[PDB]
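Enquirer: So that we are looking at the same thing, I have put the structure below in structure tokens.
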Ligand SMILES: [K+]
Ligand SMILES: [K+]
Ligand SMILES: [K+]
Ligand SMILES: [K+]
Ligand SMILES: [K+]
Ligand SMILES: [K+]
Ligand SMILES: [Mg+2]
Ligand SMILES: [Mg+2]
Ligand SMILES: [Mg+2]
Ligand SMILES: [Mg+2]
Ligand SMILES: [Mg+2]
Ligand SMILES: [Mg+2]
Ligand SMILES: [Mg+2]
Ligand SMILES: [Mg+2]
Ligand SMILES: [Mg+2]
Ligand SMILES: [Zn+2]
Ligand SMILES: [Zn+2]
Ligand SMILES: [Zn+2]
Ligand SMILES: [Zn+2]
Ligand SMILES: [Zn+2]
Ligand SMILES: [Zn+2]
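Chains as they are written, first to last, in the entry's author numbering: chain A, 7 to 335; chain B, 6 to 220, 228 to 335; chain A', 7 to 335; chain B', 6 to 220, 228 to 335; chain A'', 7 to 335; chain B'', 6 to 220, 228 to 335. A prime marks a further copy of an entry chain.
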């Protein structure tokens, strides 16, 4: 029965102190995960034109930059390997190569910064000649269960490299359970599985496909037989329920700001650790506008606060370092 | 319901276009689209807006030309924003209720020429104040609530008199929806709808609009951190007589859309603001994102529970939907 | 606290534009599934007096008519074979004959129109001399588990013919799970199962039994030991929960408009892909009245909009072509 | 969601600090903290309080000195409690609305010297009555509801006149929130917040506060047994116009905090009272518990759903948070 | 629509009789469980300075004191053994010694007071040289499944001694199910399992670690890799759901008053028998203040009533005897 | 929570008395009990009631004697029902508001002699009308709603004047709770509680009460078939100002108790009526049921969610609870 003018919702807005007292959500560095593009070789740094301010880094250069990310208190990195073209194959075998970029990077980081979380990507897209997330059948369809067998080997390779978290981004049915079963049978009892549970067939990924180098491979291909239809919301709840049942320790929605309603429903429905990925296209859009002088740089912390408000526990964001820097002040 | 792999494989419905179509939960249609327009003072004039690539400010005659195409595409309504000449701004904002102000003129012209097209006028003082704030300022520089409302009510009445089917208070004063509703009923404007901007945030995403209309607000616009508060905003506005309620900005607040729809089951609108437009269009023009993101962003609003979307993409989208 | 005259619910009704903006549901062609009665032979077309405007078609004639249904954007057909009397048996073996009408029709359509969805009917009613949905015991009771064995063979035959969806309409307990288990073990991983979950023992089916030719066989028989009591609503939720658990990809209520409350409860409770069948008797009633001049032809789109409003994702309707034609304008 | 060991091992997230940090559901920040202060009548005076180790009563000048450190640490607000000289107590409690009473003086001094610091004044008669009860007594010794409210309204207005941004009625009279709100609106104090002590229990945990301010209540304060009743208290106070609602005591009533937050989704505060403070500080000083319990107790309030916490630990906590 | 002055919530508060009629919760002796620290040897009584008024008792002295606890109607005791330093080991074997303090005490009490409930503690902390709750790996981490094997042997030893309830306080994943499986396979069909489901990594346990003598062993060690983060609430619901599924007969939150919100959520969500432990630090805080004259002795019954109000069925409290004495008046 | 045999055996908690006690969800205490009394007009008089074995009508002096034992047993309150002499009945029911009527006399006597004992008076015209209906009849023999309320308000005021702490309108007129509340507030009886008989059914279980007090109602009392309707009854009575709400009869309506408690979370009472009493006591006296059914029936009310129970078994139960 709250009614004007007895209730004037502006009164708590009148002064900073009161806005602060009633403020419902804050972003902190504990919320931030920095995705990073990792090159083969030594002394390599490459600018990504469709992600201004983000560079692909060789492992030695990654280790250097990580000193500052650690000093800033960023909890974890999410690694994405930029696989050399010649190491792409129909069988995606590079995915489980102990000498692959992801596995070498993991080992290096785990030794140099033992408290830093490493989240590896479980997916065949960086490894396939066609750029799809799994292995194709003779009709060009991404086979579910055959792909899982490769994903499982990948995941085990990561666990062997020391990754504390593996994050299946492939959208095969059942892969969370298969990976978990494998990790448990192998003794990797504490390796976390951060499921990409509600990952949509989105247009917002374009820049990442450029950054990881799968854009050329995929071409005009689409992922609608596995990634989710943008139109669907209830379906996301079913996706997440399965992944929880299958043993996921964290569940993720991707992309991010275009899907904040999904973040809210998922958090509300399951009350489980919920993550969101602020994808390459989101980062690019924001950067492009800030660089043009169309949006103030305050939009970065507004965008990230939105995720907290919607119910995410953690955010994968290419803004993680700038945000951590702003928070540190 | 104990759904478990492999008895349940959620990919099966995704296998084919036909089954994707059958199960698709939401669709965007032209019926969902409302186009905001920036309206100039002369004749035979258009102006480009540096921070909104592709959007033109339009004099009324130009508006009427373009509206023929908008109506033909089935866009149901426009939301008008006047670009007030500097010389007509004042501390009292009286131009807001001038019967020959741009908004009022534009409205009468449109109502006569396209009687089926909905016209949503903006009730707010920000295009009219020397200072660009949304209400009348006190000596400390604070936006005065109830004094501002008196101006707003006069504005809204002038819009009604001009023929506006919908007035949309975007000012975020407390209690303004009720005051406006009371004045419209008392004047006999029994069917003029009020589209409340109920949960309007103190956002950085509005920068380009200020460039567009030619016009610090944390004492009235909402803290981006706050979600529960939006439900209290909305509840008051429904009780006060709003016919529709709106969340602004849009994409950055899709969670609020969903909560608002779910809690009240009332006609719910969302504003895809100038900065959302600009970042999308900038990225598409830079070749960084595909054109397809336009419809993906609009489908998100529908999925989140919006009934209608105020969007600078309305004509592009309507075109895409007609193909 | 909404109260007159502050709140006048007529204001949004005042003008078309505002009614359009606030309109809660729309029907689109993406919602439509056309059931079709399929004859043996060549060059055969037969009018059904109790379903005015609907014809039984031989496969060649079906293929011709399907060009227009495809051009209209109708997503799928649901096939119902008109089995020759001489091919009815106690064992219902025709149900799994690779040369049966349903299996031949499926193969023909899958080749001619590869994007068109084909939903086959899994049920023994077109195949039994007695017109019941399963195999009878020596007391005249429809045996549950023995019937499932035949249903399973049927379903596999359909999958082998290329059907993208099989739709068990039999109301045996457990058949969704048994069919799913069979499809999975045989490698038909992506064959959808559209369960008739809440199918009631209704009087509204009379015309269909005429159209498929099971009316004579069933006679005065009833299906109350398997189809649901019209009086029961909570029971429908239990029926649907089982079918979801058993692996259904879609769940259906039948009949349709007489059961819209069930559609609403099912959608609300499970948030799963929900379908509704506007049965023969519903079509006949409406057609009869329109032909008499008692109801305007606008009732067709009103009837279909009701299903959307009640929460159905898709509608099996003999009006699918007229509706698609009206929508296309 | 059918989570089952060993597919689900809830220890995995606990394995490492980084994953503990990622999933941690609540954090305390300085923004959550409100420091209650006991304010004396002279100059250059502090007094120690036997039952609140480490808390000093402060004359206004001393308050202003300490407030520089409080503001520097980012504490958003103070809640003032005057220590009335015995000679100013009376049966009518008139000192409550004296414009040169301690609270009023302290407020004007603070508002001038630290304009951004929030000042929460106490609306209650207990520091002012010869008898120490929270309202005016009838011949049977019963606290009179509506008579007491009239005094309270005059008090609240005097605080508003002194510049208080928030008045916090702690009296537990029925209907006082509405009466105060009505009087503030009618006087033009449109933005003075009211922080209702909505669910305030008849508790043994207040003993040390009475020692601190220098001041049997089961006919107005709530029965500790009752939970549902708290929701009815809160609902009335929201309807009456409260901007914030409070549960007191705190830790012993964390269930009430949670229910109150969950039911109303409104700005919810909690008072970690003098006895909670004393038992913690006594135990820490006795070496029986680690200092870490301070932040653990404060994190509990956040977890339970409180937006802000009135706590004598606010400065210690703010210090810990700044390291 | 309740509004002043039609509704004045003070009216039921006006008189004792009406406060009594509407009083929502009462504490009774049926709610009380007394934890007790048990020494080896004969004729031993030891005061605990950080728990004023509580003594560690040898078994003969326990039996004497139990006469009064039984006369007061206290339903159950929770036993905590003060293990001799020399009987601590890396393998925690003393935990399952049939001649251990807990097992001897159980047997003695079960014979002397057959109606008195005995709740034994299942945990390795009193038995390990390092004071952690399980067995450590070579990185110093408490191994989950190896620890469960020892916990299981412990639990079986208690059941063999006659304990009616075993209470696992160890916070290993899955231990409820493993213990239950063991009890059932051994024929201990009616031995209750009182799970410590939501046991937090708290500072409030200090005095107990002194009383049981594990303080020296643990040193500065922490239990954050198994006990719950104080910040987390939703996580508690997941913890309890697992333990119910695994067969717990009662579920517990620990500590107590600092976690009353958890008690409320757990009771509300599961409607199962819910217990709360008013830990050593809570008892000490209260006692310290009462002894200083800072709080009246009425705080004891206020503190206990809080637990009832929050939804607990039973309370483990070192105040159980004083409270029972006050209630008996 | 996937509890399944044999991991879950619900018998384990049942194995032993101690664990049965630990998990027992509800307990009856003396605090739950309210004893209804039938009060006669002379002196040194008691009468037995044929259809209520063991219950006596008591003159006031006898009431006072017995009340010493009731108070000693801790019974919190009595509910008085006067046995009006035939000569004082009338079509206007004026005896209802006679200051020297039985109820009023009994109340003053009790309030003086046992000031802590709660006195609940009956507001209803049925003991006062020549015809025994609960209100004033029109020419068609219909119980007039608003006319009856005027009498009821005068009655209630007379009870307040006599010292009653609680008035309990049992008449089932629409809107009477509000009318009574308004009149009590307007007269200054600010703390007189109103215990609404909110969901009072047109039941066959009342037969023996009519024998007891010496006093067709389907146009005002509720249809036993109806459950949802009870929630609407209760909601109105809370909004109207009831302090407590009651369901009558009791056992035959335990579902209503539970729904009422669950929906409103307000102080909820239940009447174990004369016919419930009689069938139990008759069966116990016939040797067909054990005495234990008394406490089992009372525990049911607590389990169903009642805060207090009006019961002719209150003294027996209190005695059993004291052993
Ligand atoms: K977080
Ligand atoms: K719409
Ligand atoms: K659809
Ligand atoms: K806060
Ligand atoms: K209990
Ligand atoms: K009670
Ligand atoms: Mg999935
Ligand atoms: Mg021109
Ligand atoms: Mg508002
Ligand atoms: Mg079924
Ligand atoms: Mg000085
Ligand atoms: Mg109150
Ligand atoms: Mg656990
Ligand atoms: Mg005598
Ligand atoms: Mg009524
Ligand atoms: Zn991938
Ligand atoms: Zn504006
Ligand atoms: Zn059939
Ligand atoms: Zn006070
Ligand atoms: Zn332990
Ligand atoms: Zn009566």
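Beta carbons are placed, not taken as given, at the ideal position from N, Cα and C, and that holds for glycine.
1. For residue 31(A) versus residue 335(A), is the C-beta spacing smaller than 8 Å?
2. With respect to 7 Å, is the separation between the Cβ of residue 255(A') and the closest non-hydrogen atom of ligand 3 below this value?
3. By the three-class DSSP mapping on this structure, what secondary structure does residue 52(A'') have?
4. Among the candidates 73(A'), 88(A'), 203(A') and 93(A'), whose CA atom is the shortest distance from the CA of residue 63(A')?
5. Taking the DSSP output, what are the residues bridged to residue 61(A')?
6. Let me check understanding here. Comparing Cα to Cα, which of 318(B'), 319(B'), 317(B') and 310(B') lies closest to residue 330(B')?
7. Is DSSP giving residue 305(B) helix, strand or coil here?
8. Are there any heavy atoms of ligand 13 lying less than 7 Å away from the beta-carbon of residue 258(A''), as far as the coordinates show?
9. Name the residue from 125(A), 81(A) and 129(A) whose alpha carbon lies nearest to the alpha carbon of residue 98(A).
10. Heavy atom of ligand 12 less than 7 Å from the Cβ of residue 203(B'), yes or no?
11. Just checking residue 320(A') against ligand 3 - is the residue's beta carbon closer than 7 Å to any of the ligand's heavy atoms?
12. Below 9 Å between beta carbons is the criterion; list the residues of the stretch 140-156 of chain A that meet it against any residue of chain A', in chain order.
13. Consult DSSP for residue 272(B'') and reduce its assignment to one of helix, strand or coil.
14. Tell me which residues of the stretch 234-252 of chain A'' have at least one Cβ-Cβ distance to chain A shorter than 8 Å, keeping chain order.
15. Give me the Cα-Cα distance between residue 133(A') and residue 91(A'), rounded to the nearest whole angstrom.
16. Nearest-angstrom Cα distance between residue 45(A) and residue 38(B')?
17. Report the rounded CA-to-CA distance for residue 48(A'') versus residue 214(B'), giving the unit in angstroms.
18. Determine whether the beta carbon atoms of residue 154(B) and residue 172(B) lie at a separation below 8 Å.
19. Kindly say whether residue 195(A'), judged by its beta-carbon, lies nearer than 8 Å to any beta-carbon of chain A.
20. Suppose you measure from the CA of residue 10(B'') to the CA of residue 253(A''); what does that come to, to the nearest Å?
21. What runs of the beta strand (DSSP E), each 3 residues or longer, lie entirely inside the stretch 111-182 of chain B'?
22. So, with DSSP's three-state summary, where would you put residue 6(A')?
23. Go ahead and pull the three-state DSSP assignment for residue 41(A).
Expert: By the coordinates alone:
1. no
2. no
3. strand
4. 88(A')
5. 53(A')
6. When only C-alpha atoms are compared, the closest one is 310(B').
7. helix
8. no
9. When the alpha-carbon of residue 98(A) is set against those of 125(A), 81(A) and 129(A), the nearest one is in 129(A).
10. yes
11. yes
12. 147, 149, 150 and 151
13. helix
14. 240, 243 and 244
15. 9 Å
16. When rounded, the distance between both Cα atoms is 47 Å.
17. 47 Å
18. no
19. yes
20. 8 Å
21. 123-128 and 171-174
22. In the structure displayed, chain A' extends from 7 to 335; residue 6(A') sits before or after that span and is not available.
23. strand
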